[PDB]
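[1] Take these chains first, placed just as they are in the complex:
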Amino acid sequence: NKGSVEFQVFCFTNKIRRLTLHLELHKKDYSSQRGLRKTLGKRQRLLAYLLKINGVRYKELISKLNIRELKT
Amino acid sequence: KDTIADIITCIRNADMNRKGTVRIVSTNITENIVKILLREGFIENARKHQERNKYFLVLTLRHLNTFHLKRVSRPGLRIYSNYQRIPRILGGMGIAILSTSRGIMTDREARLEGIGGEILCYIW
Amino acid sequence: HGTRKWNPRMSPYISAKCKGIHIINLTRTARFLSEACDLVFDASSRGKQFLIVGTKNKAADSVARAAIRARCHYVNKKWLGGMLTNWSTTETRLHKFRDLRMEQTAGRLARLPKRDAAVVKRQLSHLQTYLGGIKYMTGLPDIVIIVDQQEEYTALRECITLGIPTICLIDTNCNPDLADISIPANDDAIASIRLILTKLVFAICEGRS
Amino acid sequence: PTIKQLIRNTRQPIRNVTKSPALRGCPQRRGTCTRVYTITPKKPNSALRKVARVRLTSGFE
């Protein structure tokens, strides 16, 4: 598949969502928790890049994926 | 990070190991820097090639002295200078490579040109 | 010599290589064979004295016969330290050793006991082992030749200390910066030794005039 | 260290260790003596050295 910016966020959005349901049961899996914050951080720096390059794509991507916008 | 900070070292380490070739990276800035060492007599020859779309340059060092080098203006602290405070390394045995509005030149060439600039590295 | 024994120092003077064994370059050395024979031929005309340092068992007698052709000197056995640097002690042992050969001529051995004559016998025998090819030196040489760098590591350093040019064993075992004159390819066999040794000893003969 | 750390004022000078707080910087100072006596000095030396307990006008005993 492609490697566009919005596509990487879509895969992380599923990779993140897939692990939340896992931690509801295996909450003591702290090694996976260290991996969960990576994908949460990788998308943070990509969306941080998408923001200052084009705000139109930002408002459209966050609207369909139901993403919380950051203050400041 | 700072390319030129790496350029000055790849030439330094080559003299400590006492090698002839360097295989230094090619850019718009380095081609002007190396061009000064040819005319000034610090390097015997330079030569260009490529392996990918990128480019490189191959130098030819000379065979108890040591090829001293030093960087001055860093990214964390840039250093500029006016005409009256142009350095004079070792009374003339050394030179300073500095960037003017009319490109890069030697400090001696700036003494005649009458225009200071950003000192980047000293040589002796 | 091998993949586990090649020194990276000789890399300018290497052409190719093979299955395990190493292949030396004969091109660069040929210039140095000329520079060597030119310097040795020119030096011999002025009347200098030379020295050869050979103690390898394979070329112990070859270096001995090599010195008889010219008026140079050889070192068949080990270096025993301070031969050239501690020359003041060497003159004492040579002045000593020179006298004992005159001591044996006299009939004083008769009036010495059995054991005392044995000590003087074994004393002179020990000096003959190490002070054979030096009996007619009477001074310090001006150029010193090294046949082996590894086994005679000490001899190469006193030359550097006293500031004397020299020839070395620039094959992959050693460091080439120790001698100004460079002649690789001598660790193969006597063929590599005699081909070079006889060639350099030959040049001394015509230089002597 | 890093120049950003220098801008934090990581470096400060050292304060004075003046050896006469009682004088309050003045060269001399008057005082009434309270009790004269002697005292044994440190171990290697040995003597009865003379001293005087003084009440200075600067508010120091």
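    Thanks, I have it. Numbering: from 1, shown residues only, chains lettered A, B, ... in the order given.
[2] Three-state assignment for the residue of chain A positioned farthest from its centre, please.
    Residue farthest from the centre of chain A, counting by Cα atoms, centre = their mean, is residue A:28 at 22.2 Å. With DSSP: H, G, I helix; E, B strand; the rest coil as the basis, residue A:28 sits in coil.
[3] Spit out the contact partners of residue 6.
    All of this refers to chain A. Under the criterion of Cβ atoms under 8 Å, 6 or more residues apart in numbering or on different chains, the neighbours of residue A:6 are A:50, A:57, A:61. To be clear about C-beta, it is placed using only N, CA and C from the backbone, and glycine gets the same treatment.
[4] try chain B instead
    Taking Cβ under 8 Å, 6+ apart, we find residue B:6 in contact with residue B:25.
[5] So which residue is dead centre in chain B?
    residue B:33 (4.5 Å).
[6] Residue 18: neighbour count?
    Chain wasn't specified; assuming chain A. Neighbour count for residue A:18, taken as other Cβ atoms under 10 Å in any protein chain shown: 9.
[7] sorry, should have said chain C
    7.
[8] any idea how far it is from residue C:1?
    From residue C:18 across to residue C:1, the span is 12 Å (Cβ to Cβ, to the nearest Å).
[9] still on that earlier bit, mind putting the contacts of residue A:6 into JSON lines with distance to residue C:144?
    Shown next, in JSON lines, are these (distance: Cβ to Cβ, whole Å):
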{"residue": "A:50", "distance to residue C:144": "76"}
{"residue": "A:57", "distance to residue C:144": "81"}
{"residue": "A:61", "distance to residue C:144": "82"}
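[10] Looking at those residues, which is nearest residue C:70?
    Residue C:70 lies nearest to residue A:50 out of the contacts of residue A:6, by Cβ to Cβ, at 86.7 Å.
[11] my guess is the closest one meets residue A:7, correct?
    No: the pair residue A:50 / residue A:7 is not scored as a contact, 11.9 Å apart, by Cβ atoms under 8 Å.
[12] Of these two, give the one with the bigger neighbour count.
    Between residue A:50 and residue A:7, residue A:50 has the larger neighbour count (other Cβ under 10 Å), namely 18 against 11.
[13] add RNA strand E to the structure above:
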RNA sequence: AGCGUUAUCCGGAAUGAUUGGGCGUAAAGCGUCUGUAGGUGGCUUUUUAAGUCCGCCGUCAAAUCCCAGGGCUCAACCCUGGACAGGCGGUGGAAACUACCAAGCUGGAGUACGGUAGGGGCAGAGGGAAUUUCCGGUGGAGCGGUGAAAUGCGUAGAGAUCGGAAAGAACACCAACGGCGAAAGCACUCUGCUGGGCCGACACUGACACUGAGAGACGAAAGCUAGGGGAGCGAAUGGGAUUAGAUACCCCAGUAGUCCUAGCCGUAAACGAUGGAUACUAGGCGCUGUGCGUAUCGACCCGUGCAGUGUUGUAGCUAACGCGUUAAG
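    Just below you will find RNA strand E, in place on the chains above:
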């Protein structure tokens, strides 16, 4: 015609090291990781001219300092003239560099794929010996322990020896010059869910990078708060010895705790006593993981690339010891 003492400031003091220091062992790297602000940031062609450089204008009073000249019989001192350097503002130009603006690339980073090793983590099932206790059979005097002895167990039948019930905790051999993980740490077996790394390449992205003040998470044992469990070992506390003494070392018994599930505590020589990222800088040996090629193309072996992991060692550094491509260069 002053000389010394004391006090105060600077220097010496590179002893707060922008110029101009250091953190392996001398004082100094958070226990570790993720990340906000902040700092810095790959390459190529343009835009602007904020920074930066040049030329002019105004101004930073006088005195003082600096240079020259003059006047007190000289000097101090007084006077005349003129500064340089540096700061602010305006103005006209130069456009490399920092920065800005408009487009480009793929080497750094990441995604999609296709392969691959491992005690990565969590959860649930399965397995054997060994030890202990009880049940009995057999049998009859010691057993056990120590530098020597005793306490202690035992004819109310010990210990030993076969057979059997049950429980708890921990996994010999494999096992290292070994693997994984950010650390702390992870080893009897499988299975489930799940994280990370490495390599290949012809899908793609187009600098989306590094570090990280605060903050947050994880975090050996010990210990605490409830609820369970407790075989063995074992602080404490007793007893028997050694000793002048023995609130110890030794020996016999032994509580908490050691284990499980919830949570607190957040400390260790939490050490590689060495922060992280990146580029460059001789080699020798051999250990994995994954490719390539030769080869017996059955694997192997041999030869090389990449990412790691250990041991010697050159230059160089280091007060020295020692580090040394995984640097303390």
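[14] Check the neighbour count of residue C:18 one more time with RNA strand E there.
    Residues lying near residue C:18 (other Cβ under 10 Å) number 7.
[15] part of a helix, is residue C:120?
    Yes: note on residue C:120: a helix contains this position according to three-state DSSP.
[16] circling back to that earlier point, which residues sit in contact with the residue nearest to the centre of chain B?
    Applying Cβ under 8 Å, 6+ apart to residue B:33 gives the contacts B:4, B:7, B:97, B:104.
[17] Distance-wise, check it relative to residue D:41.
    Distance of residue B:33 to residue D:41, given as Cβ to Cβ: 72 Å.
[18] for residue C:4, same thing?
    Distance from residue C:4 to residue D:41, counting by Cβ to Cβ: 74 Å.
[19] Which one's more surrounded, the two?
    residue D:41 (10 against 6).
[20] Now for that one: which residues touch it?
    D:47, D:49 are the contacts of residue D:41 under Cβ under 8 Å, 6+ apart.
[21] What of the one 4 residues further on?
    Residue D:45 makes no contacts at all, as judged by Cβ under 8 Å, 6+ apart.
[22] got the phi/psi numbers for residue 38?
    Picked chain A for this. Backbone torsions of residue A:38, given as degrees, to the nearest 10, read phi -60, psi -60.
[23] Chain D was what I was after
    Backbone torsions for residue D:38, taken as degrees, to the nearest 10, come to phi -130, psi 170.
[24] so it touches residue D:51, yeah?
    Yes: between residue D:38 and residue D:51 there is a contact under Cβ under 8 Å: 6.8 Å.
[25] Show me where the chain has its helices.
    Assuming you mean chain A. Per DSSP state H, chain A carries helices over the ranges A:5-23, A:30-53, A:55-65.
[26] ah, I was thinking of chain D
    Going by DSSP H, chain D shows helices at D:3-7.
[27] who in it is up against RNA strand E?
    D:1, D:4, D:6, D:10-14, D:16, D:18-20, D:23, D:25-28 (Cβ under 7 Å from any atom of the strand).
[28] Let me see the domain layout of chain B.
    Listed by CATH domains of a matching chain, the domain ranges of chain B are B:1-66, B:67-124.
[29] Show me how far the last one is from its chain's centre.
    What that stands for is domain B:67-124. Remark: domain B:67-124 is offset 10 Å from the chain centroid, using Cα atoms, centre = their mean, to the nearest Å.
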